[PDB]
Amino acid sequence: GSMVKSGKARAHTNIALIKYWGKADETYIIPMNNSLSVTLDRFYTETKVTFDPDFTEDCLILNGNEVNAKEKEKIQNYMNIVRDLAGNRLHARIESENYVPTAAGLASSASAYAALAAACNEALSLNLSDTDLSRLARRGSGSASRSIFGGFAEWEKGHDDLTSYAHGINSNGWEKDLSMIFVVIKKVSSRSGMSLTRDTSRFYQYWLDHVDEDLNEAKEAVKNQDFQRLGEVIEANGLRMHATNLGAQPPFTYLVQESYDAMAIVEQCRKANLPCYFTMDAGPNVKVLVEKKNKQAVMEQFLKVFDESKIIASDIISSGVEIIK
Ligand SMILES: C[C@@](O)(CCOP(=O)(O)OP(=O)(O)O)CC(=O)O
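Residues -1 to 183, 188 to 327 in the deposited numbering are what the sequence shown lists, from first letter to last.
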């Protein structure tokens, strides 16, 4: 198509091992602390953008279907950022597929915005650095900043739009030895929940006082390829993030009894020499970090209690966002 510029990208979801939770800046999505994550091989979003001078506004088609006017308006504002960045006024048709178990509660924002950013950079030929790609994705969703990268990644909080972005952490191939089990188990949205907590939680300072120590400990753990050291700090970090919500005004939780059951089975696996550690995000699902060599053994412990359909593993991918057909 002569007057038409398109680009399609595939970006993979990532789970935070050290949590992003609370913004310093609501408009530009600058976080109150750094976060560390691992990018999952099995779950991803494919997003294609097609820019046409004769397009009157941006259109979003998701999983084969028109989105409502609310999502339409939201995506148009985001694309304004893109147009501003490219110095054009081209509108786009955006066709995205989420290969993420969203019905099952898995988040799609990270992969969604990371795929969109990359797709736009490819379509418009902006030649953005990974850094600028991460920055553009961050404007859409904080955790999207990390999905530009594979393996371990860290989002550096910074102090403004220029300085807040993620980068990949080389772990000497360690990500290749690791896996994650997902225990599948309206909700307050991540953005809304973290805002209430950051603004009002009586336990939020306590979170702030320990996160840098956690991050450093975890980073040193990764350098050492020390799984136990990594798991213990990340599990504690996770629980601390949920603690902060308990302190909110008024309190709330994302966890339910079943989540706690899942946690018990992880600790059971530890005492029985199957090392693994758990984490939870903005919902009751429990994610179990385990070494690949133990994925199966640990999975079968869970399959004693939970339906087979609700136990889902993914490996950690080494490569970052990719341009596709
Ligand atoms: C619990 C978390 O998963 C929170 C993620 O929240 P979002 O990345 O969805 O927040 P927004 O920036 O408002 O889009 C922890 C994490 O990924 O660091």
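Even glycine gets a Cβ: it sits at the ideal position worked out from N, Cα and C.
Residue i lies in the alpha helix (DSSP H); which residues open and close that run?
| i | result |
| --- | --- |
| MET301 | 294 to 304 |
| residue 187 | The gap in the chain between 183 and 188 takes in residue 187, so it carries no coordinates here. |
| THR255 | Premise fails: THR255 is in no alpha helix (DSSP H) and is neither H nor E. |
| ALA112 | 107 to 122 |
| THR199 | 192 to 202 |
| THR100 | Counting along the chain, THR100 falls outside any alpha helix (DSSP H), and DSSP gives it neither H nor E. |
| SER132 | 128 to 136 |
Closer than 8 Å: is that where the CB of residue i sits relative to any heavy atom of ligand 1?
| i | result |
| --- | --- |
| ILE236 | no |
| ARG242 | no |
| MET196 | yes |
| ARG133 | no |
| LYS289 | no |
| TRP209 | no |
| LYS17 | yes |
| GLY103 | no |
| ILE318 | no |
| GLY171 | no |
| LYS21 | yes |
| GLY140 | yes |
| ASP216 | no |
| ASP82 | no |
| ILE73 | no |
| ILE79 | no |
| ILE13 | yes |
| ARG231 | no |
I'd like the span of the beta strand (DSSP E) that includes residue i, first residue to last.
| i | result |
| --- | --- |
| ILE16 | 3 to 16 |
| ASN78 | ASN78 -> not in any beta strand (DSSP E); alpha helix (DSSP H) instead, spanning 67 to 84. |
| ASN96 | 89 to 97 |
| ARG40 | 33 to 50 |
| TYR163 | 163 to 167 |
| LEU60 | 57 to 60 |
| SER316 | 313 to 317 |
| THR281 | 278 to 281 |
Consult DSSP for residue i and reduce its assignment to one of helix, strand or coil.
| i | result |
| --- | --- |
| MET243 | helix |
| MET178 | strand |
| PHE147 | coil |
| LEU248 | helix |
| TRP19 | coil |
| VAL323 | coil |
| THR25 | coil |
| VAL268 | helix |
| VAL290 | strand |
Just the Cα atoms here: how many angstroms apart are residue i and residue j?
| i | j | result |
| --- | --- | --- |
| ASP211 | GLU302 | 38 Å |
| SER132 | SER107 | 13 Å |
| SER33 | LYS306 | 33 Å |
| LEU248 | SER35 | 24 Å |
| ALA142 | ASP23 | 16 Å |
| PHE229 | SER177 | 12 Å |
| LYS188 | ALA284 | 12 Å |
| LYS3 | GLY166 | 29 Å |
| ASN86 | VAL65 | 25 Å |
| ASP130 | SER123 | 13 Å |
| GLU222 | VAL213 | 14 Å |
Is any non-hydrogen atom of ligand 3 found closer than 8 Å to the C-beta of residue i, if you look at the structure I gave you?
| i | result |
| --- | --- |
| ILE27 | Questions concerning ligand 3 fall outside what the structure shown contains, since the ligands it does hold are ligand 1. |
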